[PDB]
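Naming convention: chains lettered A, B, ... in sequence-line order (proteins, then strands); numbering from 1 in each chain.
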Amino acid sequence: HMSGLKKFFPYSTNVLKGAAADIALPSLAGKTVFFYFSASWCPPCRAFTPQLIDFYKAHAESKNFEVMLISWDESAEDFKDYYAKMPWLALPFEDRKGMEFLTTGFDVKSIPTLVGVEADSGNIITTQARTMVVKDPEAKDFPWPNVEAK
Amino acid sequence: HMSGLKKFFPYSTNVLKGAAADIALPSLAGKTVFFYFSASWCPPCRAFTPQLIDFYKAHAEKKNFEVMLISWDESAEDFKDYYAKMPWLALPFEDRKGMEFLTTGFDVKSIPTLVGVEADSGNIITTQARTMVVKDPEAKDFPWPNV
């Protein structure tokens with residue numbers, strides 16, 4: 001059940017949500033999920049994050065998607081402060097190997113990077129959603145499959 | 001000849017096969033052709049490809065079918081190293097327009113996506129080959145018709 005999404009998380013069954021660390025993956029059924037590779041020490045992330053946050057507040061519910069922070073922060077403390085500023089989900093910091101698995105899996109060489117996947121099938125939509133969040137703020141072409149074509 | 005399948009390729013007369021690049025569509029006559037939408041940046045593809053490779057090498061001749069890579073790679077260099085590892089066919093990377101035509105035609109919204117079509121009628125025979133390759137490694141119910 002939800003084996004597609006589970007393939008992205010060999011070492012975690014639950015992800016964080018602000019206060020609680022109790023949201024279970026299967027609760028994302030039917031949604032488009034975006035992995036956001038980001039960190040507090042990254043200048044472009046600091047500039048992109050507020051943009052992603054506006055996009056999230058505008059379309060999350062309507063377009064039925066979720067966002068999950070996958071942190072490249074180097075300390076549990078930095079992670080905690082940085083993630084406090086976001087409204088979406090996060091892969092716990094303690095799951096470093098899970099961060100590494102996702103980072104290598106999608107070939108993420110730099111941040112910020114925003115990867116869109118389908119929860120139900122576990123299929124990938126695009127690794128280049130970061131650009132589209134700003135180019136298509138009204139989400140007319142969401143979730144932007146194969147942006148890589150351009 | 002091969003009028004129907006030829007319409008799937010409005011911009012390429014020949015397709016790849018290793019280092020080749022001289023494969024003509026007429027060779028695919030009377031066969032089932034699987035359009036495999038994939039890219040190096042895709043984890044589920046990376047896990048399915050070796051399964052499809054085993055399946056190809058074990059049934060391509062008997063059940064007589066072919067596989068063609070339709071690449072969502074972001075660059076010619078990525079395509080090159082990614083395709084180098086596959087044994088089947090590929091739509092030339094440079095034909096981005098072609099890849100987009102086929103993407104729109106099969107309505108591919110994410111990858112991996114594997115679609116089987118009857119080369120002769122250009123009809124889609126099956127849309128569940130991705131699942132069934134895994135559930136039916138032996139190729140008992142191939143080609144799992146569902147359209």
*Start with the C-alpha distance between B:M86 and B:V67, add both sets of side-chain angles, then the distance that settles side chain to side chain contact (heavy atoms under 4.5 Å, CB included), and finish with yes or no.*
CA-CA 10 Å; B:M86 298 163 171; B:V67 175; over 6 Å; no
*Please assess A:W41 against A:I111 for the test side chain to side chain contact (heavy atoms under 4.5 Å, CB included), listing each intermediate value before the final yes or no.*
CA-CA 10 Å; A:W41 54 259; A:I111 46 171; 4.0 Å; yes
*Check step by step if side chain to side chain contact (heavy atoms under 4.5 Å, CB included) holds for B:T126 and B:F34.*
CA-CA 9 Å; B:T126 171; B:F34 285 106; 3.9 Å; yes
*asked:* Set out, in order, the CA-CA distance, both residues' side-chain angles and the distance that settles side chain to side chain contact (heavy atoms under 4.5 Å, CB included) for A:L28 and A:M68, then state yes or no.
replied: CA-CA 11 Å; A:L28 301 170; A:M68 189 184 304; 4.3 Å; yes
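Residues in residues 77-91 of chain A take part in these side-chain hydrogen bond (donor to acceptor under 3.5 Å, both in side chains) pairs, two or more places apart or across chains: A:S38-A:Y82, A:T49-A:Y82, A:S75-A:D78. Sorted by first and then second residue, the salt bridge (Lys or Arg N to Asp or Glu O under 4.0 Å) pairs with a member in residues 103-126 of chain A read A:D107-A:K109; sequence neighbours excluded.
Atom CZ of residue B:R96 and atom CZ of residue B:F79 lie 7.5 Å apart, to the nearest 0.5 angstrom. The CE atom of A:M99 sits 9.0 Å away from the OG1 atom of A:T104 when rounded to the nearest 0.5 Å. In this structure, CG on B:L52 lies 11.0 Å from CZ on B:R130, to the nearest 0.5 angstrom. In this structure, CZ in A:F93 is found 10.5 Å from CG in A:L91, a value given to the nearest 0.5 Å. Between the CD1 atom of A:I70 and the CZ atom of A:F35 there is a distance of 5.5 Å, given to the nearest 0.5 Å. Distance check: B:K63 NZ to B:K31 NZ gives 15.5 Å after rounding to the nearest 0.5 Å.
For B:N123, the side chain to side chain donor-acceptor pair (under 3.5 Å) test picks out B:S121, with sequence neighbours left out. In this structure A:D54 satisfies the salt bridge (charged side-chain N to carboxylate O under 4.0 Å, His left out) test with no other residue, sequence neighbours excluded. B:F101 pairs by the ring pair (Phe, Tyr, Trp, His ring centres under 6.0 Å) definition with nothing, not counting sequence neighbours. For the side chain to side chain donor-acceptor pair (under 3.5 Å) test, residues two or more places apart in sequence or in another chain that qualify with A:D136 are A:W144. Among residues two or more places apart in sequence or in another chain, the side chain to side chain contact (heavy atoms under 4.5 Å, CB included) test is passed with B:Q51 by B:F48, B:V134. For A:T32, there are no side chain to side chain donor-acceptor pair (under 3.5 Å) partners at least two apart in sequence or on another chain. Taking the side chain to side chain donor-acceptor pair (under 3.5 Å) definition, one finds that A:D73 meets it with A:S40, A:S71, sequence neighbours left out. Residues meeting the salt bridge (charged side-chain N to carboxylate O under 4.0 Å, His left out) test with A:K140, sequence neighbours left out: none. In this view, A:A60 and A:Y56, A:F65 satisfy the side chain to side chain contact (heavy atoms under 4.5 Å, CB included) rule, not counting sequence neighbours.
Cluster annotation: B:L5 is connected to B:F106 through the hydrophobic network of ILVMFWY side chains, with a link wherever side-chain heavy atoms come within less than 4.5 Å. Cluster membership for A:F37 and A:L89, using ILVMFWY side-chain heavy atoms within less than 4.5 angstrom, is shared. Hydrophobic clustering (side-chain heavy atoms under 4.5 Å, transitive across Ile, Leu, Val, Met, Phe, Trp, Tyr) groups A:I124 together with B:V115. When hydrophobic clusters are built by joining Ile, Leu, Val, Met, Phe, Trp and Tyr residues whose side-chain heavy atoms come closer than 4.5 Å, directly or via intermediates, B:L102 is grouped together with B:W72.
By the 6.0 Å contact criterion, CZ on A:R46 is open, its count of non-hydrogen atoms from other residues, nucleotides or ligands being 12 or less.
Of all heavy-atom pairs between B:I125 and B:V147, the closest is O-CG2, 3.2 Å. Residue B:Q128 comes nearest to B:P145 through the heavy atom pair OE1-O, 4.2 Å, listed as atom of the first residue, atom of the second, then distance.
Inter-residue side-chain proximity for B:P44 and B:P112 is flagged as met; some heavy-atom pair is nearer than 4.5 Å. Contact check for A:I53 versus A:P87: side-chain heavy atoms found under the 4.5 Å cut-off. Under the 4.5 Å side-chain criterion, counting only non-hydrogen atoms from C-beta, B:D141 is not in contact with B:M132.
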Donor-acceptor contacts, no H, no angles, side chain residues 7-27 of chain B, under 3.5 Å, sequence neighbours left out:
from	atom 1	to	atom 2	distance (Å)
B:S12	OG	B:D95	OD2	2.3
B:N14	OD1	B:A24	N	3.3
B:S27	OG	B:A24	O	2.9

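Judged by distance alone, with hydrogens and angles left aside, the side-chain atoms of B:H59 form a donor-acceptor pair with the main-chain N or O of B:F55 at under 3.5 Å. Between the side chain of A:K63 and the backbone N or O of A:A139 there is at least one donor-acceptor pair closer than 3.5 Å.
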